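Enquirer: File coords.csv follows (CSV, C-alpha atoms):
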chain,number,residue,atom,x,y,z
A,2,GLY,CA,37.5,61.1,-25.5
A,3,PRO,CA,39.9,58.5,-26.9
A,4,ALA,CA,39.7,54.9,-25.8
A,5,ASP,CA,43.3,54.1,-26.8
A,6,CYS,CA,46.5,56.2,-26.9
A,7,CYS,CA,48.1,54.3,-29.8
A,8,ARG,CA,44.9,54.6,-31.9
A,9,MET,CA,44.9,58.2,-30.9
A,10,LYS,CA,48.5,58.6,-32.3
A,11,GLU,CA,47.7,56.8,-35.6
A,12,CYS,CA,44.6,58.9,-36.1
A,13,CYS,CA,46.6,62.0,-35.2
A,14,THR,CA,49.3,61.6,-37.8
A,15,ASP,CA,46.9,60.5,-40.5
A,16,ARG,CA,44.6,63.5,-39.9
A,17,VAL,CA,47.5,66.0,-39.8
A,18,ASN,CA,48.8,64.6,-43.1
A,19,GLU,CA,45.4,64.8,-44.8
A,20,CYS,CA,44.9,68.3,-43.4
A,21,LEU,CA,48.2,69.5,-44.6
A,22,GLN,CA,47.4,68.0,-48.0
A,23,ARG,CA,44.6,70.6,-48.2
A,24,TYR,CA,47.3,73.3,-47.7
A,25,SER,CA,49.6,72.4,-50.5
A,26,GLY,CA,52.4,75.0,-51.1
A,27,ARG,CA,52.1,76.4,-47.6
A,28,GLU,CA,52.2,73.3,-45.4
A,29,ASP,CA,54.8,74.5,-42.9
A,30,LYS,CA,52.5,77.5,-41.9
A,31,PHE,CA,49.6,75.1,-41.2
A,32,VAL,CA,51.2,72.4,-39.2
A,33,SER,CA,49.9,73.8,-35.8
A,34,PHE,CA,46.4,74.5,-37.3
A,35,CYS,CA,46.1,71.0,-38.6
A,36,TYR,CA,47.5,69.5,-35.4
A,37,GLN,CA,44.7,71.3,-33.5
A,38,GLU,CA,42.1,70.0,-35.9
A,39,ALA,CA,43.5,66.5,-35.4
A,40,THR,CA,43.5,66.9,-31.7
A,41,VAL,CA,39.8,67.8,-31.8
A,42,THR,CA,38.8,64.9,-34.1
A,43,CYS,CA,41.1,62.2,-32.7
A,44,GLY,CA,40.8,63.4,-29.2
A,45,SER,CA,43.4,63.8,-26.5
A,46,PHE,CA,44.1,62.9,-22.8
A,47,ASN,CA,45.4,66.4,-22.4
A,48,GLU,CA,44.3,69.1,-24.9
A,49,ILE,CA,47.4,71.1,-24.2
A,50,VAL,CA,49.6,68.2,-25.4
A,51,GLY,CA,47.2,67.0,-28.1
A,52,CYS,CA,47.1,63.7,-29.9
A,53,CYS,CA,50.8,63.3,-30.6
A,54,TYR,CA,53.1,66.2,-29.5
A,55,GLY,CA,56.4,64.8,-30.7
A,56,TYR,CA,54.9,64.5,-34.2
A,57,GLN,CA,53.8,68.1,-34.1
A,58,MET,CA,57.3,69.3,-33.1
A,59,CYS,CA,58.9,67.1,-35.7
A,60,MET,CA,56.7,68.4,-38.5
A,61,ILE,CA,57.3,72.0,-37.4
A,62,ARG,CA,61.0,71.3,-37.6
A,63,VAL,CA,60.9,69.4,-40.9
A,64,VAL,CA,58.0,70.4,-43.1
A,65,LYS,CA,58.7,72.7,-46.0
A,66,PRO,CA,56.5,74.1,-48.8
A,67,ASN,CA,55.6,71.4,-51.4
A,68,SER,CA,57.7,68.8,-49.5
A,69,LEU,CA,55.0,67.3,-47.2
A,70,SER,CA,55.2,63.5,-47.9
A,71,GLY,CA,58.9,63.0,-46.9
A,72,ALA,CA,58.4,65.0,-43.8
A,73,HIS,CA,55.3,63.0,-42.8
A,74,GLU,CA,57.0,59.7,-43.5
A,75,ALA,CA,60.0,60.7,-41.4
A,76,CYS,CA,58.0,62.1,-38.5
A,77,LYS,CA,55.1,59.8,-38.2
A,78,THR,CA,57.0,57.2,-36.2
A,79,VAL,CA,58.8,59.6,-33.8
A,80,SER,CA,57.9,59.3,-30.1
A,81,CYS,CA,54.8,61.3,-29.2
A,82,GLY,CA,56.0,61.9,-25.6
A,83,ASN,CA,53.8,61.9,-22.6
A,84,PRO,CA,50.0,62.1,-23.5
A,85,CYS,CA,49.1,63.2,-19.9
A,86,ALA,CA,51.2,66.4,-19.5
B,3,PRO,CA,61.5,59.7,-25.3
B,4,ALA,CA,58.2,57.8,-24.4
B,5,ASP,CA,55.6,56.7,-26.9
B,6,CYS,CA,52.3,55.1,-26.1
B,7,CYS,CA,52.2,52.8,-29.2
B,8,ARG,CA,55.7,51.5,-28.4
B,9,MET,CA,54.6,51.2,-24.8
B,10,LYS,CA,51.5,49.2,-25.7
B,11,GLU,CA,53.4,46.8,-27.9
B,12,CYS,CA,56.1,46.4,-25.3
B,13,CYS,CA,53.4,45.9,-22.6
B,14,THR,CA,51.5,43.1,-24.4
B,15,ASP,CA,54.6,41.4,-25.6
B,16,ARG,CA,56.1,41.4,-22.1
B,17,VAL,CA,52.9,40.2,-20.4
B,18,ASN,CA,52.7,37.4,-22.9
B,19,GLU,CA,56.4,36.4,-22.4
B,20,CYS,CA,56.0,36.5,-18.7
B,21,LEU,CA,52.9,34.3,-18.7
B,22,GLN,CA,54.8,31.9,-20.9
B,23,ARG,CA,56.8,31.1,-17.7
B,24,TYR,CA,53.7,30.0,-15.8
B,25,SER,CA,52.3,27.3,-18.1
B,26,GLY,CA,49.2,25.7,-16.7
B,27,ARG,CA,48.7,28.4,-14.1
B,28,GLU,CA,48.6,31.6,-16.3
B,29,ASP,CA,45.3,32.8,-14.9
B,30,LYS,CA,46.8,33.3,-11.5
B,31,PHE,CA,49.8,35.2,-12.9
B,32,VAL,CA,48.1,37.8,-15.2
B,33,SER,CA,48.4,40.7,-12.6
B,34,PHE,CA,52.0,39.7,-11.7
B,35,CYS,CA,53.0,39.7,-15.3
B,36,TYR,CA,51.2,43.0,-15.9
B,37,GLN,CA,53.3,44.5,-13.0
B,38,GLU,CA,56.5,43.1,-14.6
B,39,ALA,CA,55.5,44.5,-18.0
B,40,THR,CA,54.7,47.9,-16.4
B,41,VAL,CA,58.1,48.0,-14.8
B,42,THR,CA,59.9,46.9,-17.9
B,43,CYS,CA,58.0,49.0,-20.5
B,44,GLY,CA,57.3,52.0,-18.3
B,45,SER,CA,53.9,53.7,-17.8
B,46,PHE,CA,52.5,57.2,-17.6
B,47,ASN,CA,50.7,56.2,-14.4
B,48,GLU,CA,52.2,53.3,-12.5
B,49,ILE,CA,48.8,52.4,-10.9
B,50,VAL,CA,47.2,52.2,-14.3
B,51,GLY,CA,50.2,50.5,-15.9
B,52,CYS,CA,51.4,50.1,-19.5
B,53,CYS,CA,48.0,49.0,-20.9
B,54,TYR,CA,45.1,48.7,-18.5
B,55,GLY,CA,42.5,47.5,-21.0
B,56,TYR,CA,44.8,44.6,-22.0
B,57,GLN,CA,45.3,43.6,-18.3
B,58,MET,CA,41.5,43.5,-17.8
B,59,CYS,CA,41.0,41.6,-21.0
B,60,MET,CA,43.6,39.0,-20.1
B,61,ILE,CA,42.1,38.6,-16.6
B,62,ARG,CA,38.8,37.9,-18.3
B,63,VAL,CA,40.1,35.6,-21.1
B,64,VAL,CA,43.2,33.8,-19.9
B,65,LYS,CA,42.6,30.3,-18.7
B,66,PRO,CA,45.1,27.5,-17.9
B,67,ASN,CA,47.0,26.3,-21.0
B,68,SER,CA,45.2,28.6,-23.4
B,69,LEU,CA,47.5,31.6,-23.1
B,70,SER,CA,48.3,32.2,-26.8
B,71,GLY,CA,44.7,32.4,-27.9
B,72,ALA,CA,44.0,34.8,-25.0
B,73,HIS,CA,46.9,37.0,-26.0
B,74,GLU,CA,45.8,37.0,-29.6
B,75,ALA,CA,42.3,38.0,-28.5
B,76,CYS,CA,43.3,40.7,-26.2
B,77,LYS,CA,46.4,42.3,-27.6
B,78,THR,CA,44.5,44.8,-29.9
B,79,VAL,CA,42.0,45.8,-27.2
B,80,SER,CA,41.7,49.5,-26.2
B,81,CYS,CA,44.1,50.4,-23.3
B,82,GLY,CA,41.9,53.1,-21.9
B,83,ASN,CA,43.1,56.3,-20.2
B,84,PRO,CA,46.9,55.9,-19.5
B,85,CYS,CA,46.8,58.9,-17.2
B,86,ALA,CA,44.3,57.8,-14.6
If you convert what's in this file into structure tokens, what do you get?

Expert:
Amino acid sequence: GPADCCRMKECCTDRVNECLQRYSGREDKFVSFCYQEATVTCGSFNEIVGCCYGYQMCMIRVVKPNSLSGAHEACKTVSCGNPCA
Amino acid sequence: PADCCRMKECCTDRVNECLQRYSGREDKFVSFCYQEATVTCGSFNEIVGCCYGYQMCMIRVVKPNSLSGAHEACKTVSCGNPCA
């Protein structure tokens, strides 16, 4: 149950990044898994949407094996979209 | 493309700028300026507005001629649920 949507976003992108850092060499295959993990820990206002949906979509588009950091740096500021639906 | 961080920053900036027009009477204009900020920055629920926690914080803290301190105190406060 997040108290603030922006804090939720910051938490979201940090946690996804760290999680994907655990999956080095296969990061692209774990973007969704790590996003779900981040949604549980950081919370969400709609669990279907999660803690930052635009970031998940960006990372799915961009993340390649052993290339995590550039993808995260590029995607972390993208608009999350509507947290409600 | 909406973003709640950008929305929050827009919200508090716009409320502050709006209240800067009402020097000496800021306390009476907090809600007005929050409506102005909500229209300008957008919201995910128009009744809730662009940052509800900030509105309530400013209602509590803003006194005549002390706007900047109030804004500084309130601008990082939790917005609450943007949806309802």

Enquirer: Name the residues in contact with range 43-49 of chain A at a cut-off of 7 Å, using only C-alpha atoms, excluding same-chain residues fewer than 3 positions from it; report them as a PyMOL selection string.

Expert: chain A and resi 2-3+9+12-13+39-40+52+84-86

Enquirer: Can you write out as CSV which residues of chain A fall within 7 Å of chain B, alongside each residue's closest atom pair and its distance in Å to one decimal, counting all atoms listed in the file and ordering rows by chain and ascending residue number?

Expert:
residue,atom,partner,partner_atom,distance
A:4,CA,B:82,CA,4.8
A:5,CA,B:80,CA,4.9
A:6,CA,B:6,CA,6.0
A:7,CA,B:7,CA,4.4
A:80,CA,B:5,CA,4.7
A:81,CA,B:5,CA,5.2
A:82,CA,B:4,CA,4.8
A:83,CA,B:4,CA,6.3
A:85,CA,B:85,CA,5.6

Enquirer: Neighbours of range 67-79 of chain A within 8 Å (only C-alpha atoms; same-chain residues fewer than 5 positions away dropped), as a list in words?

Expert: residues 14, 18, 21, 22, 25, 26, 27, 28, 55, 56, 59 and 60 of chain A

Enquirer: Which one of B:35, B:49, B:43, B:75 sits closest to residue 13 in chain B if you count only C-alpha atoms?

Expert: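 The shortest atom-to-atom distance to residue 13 in chain B comes from B:43.
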
Enquirer: CA of residue 10 in chain A and CA of residue 53 in chain A, how far apart in Å?

Expert: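 CA of residue 53 in chain A sits 5.5 Å away from CA of residue 10 in chain A.
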
Enquirer: Residue 63 in chain B: which residues within 9 Å, counting only C-alpha atoms, same-chain residues fewer than 5 positions away excluded, as a ChimeraX atom specification?

Expert: /B:29,58,68-69,71-73,75-76

Enquirer: Just checking: using all atoms listed in the file, which residue out of A:20, A:54, A:66, A:29 ends up closest to residue 42 in chain A?

Expert: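 Answer, going by the shortest atom-to-atom distance: A:20.
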
Enquirer: How many Å lie between CA of residue 44 in chain B and CA of residue 27 in chain B, rounded to one decimal?

Expert: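 For CA of residue 44 in chain B relative to CA of residue 27 in chain B, the distance reads 25.5 Å.
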
Enquirer: Closest to residue 41 in chain B among B:24, B:62, B:18, B:12, using all atoms listed in the file?

Expert: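 Going through B:24, B:62, B:18, B:12 one by one, the smallest distance to residue 41 in chain B is for B:12.
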
Enquirer: Between CA of residue 40 in chain B and CA of residue 64 in chain B, what is the distance, to one decimal in Å?

Expert: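 That distance, rounded to one decimal, is 18.5 Å.
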
Enquirer: Start from the incomplete input, build N, CA and C atoms for range 41-60 of chain A, and deliver everything as a PDB file, in the frame of the given file.

Expert:
ATOM      1  N   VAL A  41      41.218  67.731 -32.049  1.00  0.00           N
ATOM      2  CA  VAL A  41      39.800  67.800 -31.800  1.00  0.00           C
ATOM      3  C   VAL A  41      39.102  66.496 -32.322  1.00  0.00           C
ATOM      4  N   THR A  42      39.486  66.046 -33.512  1.00  0.00           N
ATOM      5  CA  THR A  42      38.800  64.900 -34.100  1.00  0.00           C
ATOM      6  C   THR A  42      39.230  63.563 -33.498  1.00  0.00           C
ATOM      7  N   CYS A  43      40.527  63.412 -33.254  1.00  0.00           N
ATOM      8  CA  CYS A  43      41.100  62.200 -32.700  1.00  0.00           C
ATOM      9  C   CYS A  43      40.983  62.115 -31.211  1.00  0.00           C
ATOM     10  N   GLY A  44      40.789  63.274 -30.598  1.00  0.00           N
ATOM     11  CA  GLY A  44      40.800  63.400 -29.200  1.00  0.00           C
ATOM     12  C   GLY A  44      42.163  63.481 -28.545  1.00  0.00           C
ATOM     13  N   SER A  45      42.190  63.707 -27.237  1.00  0.00           N
ATOM     14  CA  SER A  45      43.400  63.800 -26.500  1.00  0.00           C
ATOM     15  C   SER A  45      43.145  63.478 -25.021  1.00  0.00           C
ATOM     16  N   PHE A  46      44.172  63.077 -24.281  1.00  0.00           N
ATOM     17  CA  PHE A  46      44.100  62.900 -22.800  1.00  0.00           C
ATOM     18  C   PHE A  46      44.439  64.209 -22.118  1.00  0.00           C
ATOM     19  N   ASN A  47      45.180  65.059 -22.817  1.00  0.00           N
ATOM     20  CA  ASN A  47      45.400  66.400 -22.400  1.00  0.00           C
ATOM     21  C   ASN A  47      45.450  67.293 -23.594  1.00  0.00           C
ATOM     22  N   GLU A  48      44.523  68.244 -23.659  1.00  0.00           N
ATOM     23  CA  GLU A  48      44.300  69.100 -24.900  1.00  0.00           C
ATOM     24  C   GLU A  48      45.515  69.985 -25.123  1.00  0.00           C
ATOM     25  N   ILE A  49      46.251  70.301 -24.066  1.00  0.00           N
ATOM     26  CA  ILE A  49      47.400  71.100 -24.200  1.00  0.00           C
ATOM     27  C   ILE A  49      48.489  70.394 -24.981  1.00  0.00           C
ATOM     28  N   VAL A  50      48.597  69.104 -24.690  1.00  0.00           N
ATOM     29  CA  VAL A  50      49.600  68.200 -25.400  1.00  0.00           C
ATOM     30  C   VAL A  50      49.077  67.775 -26.734  1.00  0.00           C
ATOM     31  N   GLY A  51      47.789  67.463 -26.837  1.00  0.00           N
ATOM     32  CA  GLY A  51      47.200  67.000 -28.100  1.00  0.00           C
ATOM     33  C   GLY A  51      47.440  65.536 -28.373  1.00  0.00           C
ATOM     34  N   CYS A  52      47.131  65.110 -29.595  1.00  0.00           N
ATOM     35  CA  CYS A  52      47.100  63.700 -29.900  1.00  0.00           C
ATOM     36  C   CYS A  52      48.441  63.025 -30.210  1.00  0.00           C
ATOM     37  N   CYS A  53      49.437  63.810 -30.619  1.00  0.00           N
ATOM     38  CA  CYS A  53      50.800  63.300 -30.600  1.00  0.00           C
ATOM     39  C   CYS A  53      51.806  64.520 -30.680  1.00  0.00           C
ATOM     40  N   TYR A  54      52.344  64.948 -29.541  1.00  0.00           N
ATOM     41  CA  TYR A  54      53.100  66.200 -29.500  1.00  0.00           C
ATOM     42  C   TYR A  54      54.412  66.132 -30.218  1.00  0.00           C
ATOM     43  N   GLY A  55      55.102  65.008 -30.039  1.00  0.00           N
ATOM     44  CA  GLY A  55      56.400  64.800 -30.700  1.00  0.00           C
ATOM     45  C   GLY A  55      56.280  64.891 -32.195  1.00  0.00           C
ATOM     46  N   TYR A  56      55.167  64.403 -32.733  1.00  0.00           N
ATOM     47  CA  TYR A  56      54.900  64.500 -34.200  1.00  0.00           C
ATOM     48  C   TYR A  56      54.730  65.943 -34.604  1.00  0.00           C
ATOM     49  N   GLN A  57      53.966  66.713 -33.831  1.00  0.00           N
ATOM     50  CA  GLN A  57      53.800  68.100 -34.100  1.00  0.00           C
ATOM     51  C   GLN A  57      55.129  68.840 -34.189  1.00  0.00           C
ATOM     52  N   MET A  58      55.947  68.622 -33.164  1.00  0.00           N
ATOM     53  CA  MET A  58      57.300  69.300 -33.100  1.00  0.00           C
ATOM     54  C   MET A  58      58.160  68.855 -34.256  1.00  0.00           C
ATOM     55  N   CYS A  59      58.115  67.569 -34.598  1.00  0.00           N
ATOM     56  CA  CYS A  59      58.900  67.100 -35.700  1.00  0.00           C
ATOM     57  C   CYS A  59      58.477  67.723 -37.019  1.00  0.00           C
ATOM     58  N   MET A  60      57.172  67.808 -37.244  1.00  0.00           N
ATOM     59  CA  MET A  60      56.700  68.400 -38.500  1.00  0.00           C
ATOM     60  C   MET A  60      56.963  69.886 -38.567  1.00  0.00           C
TER      61      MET A  60
END
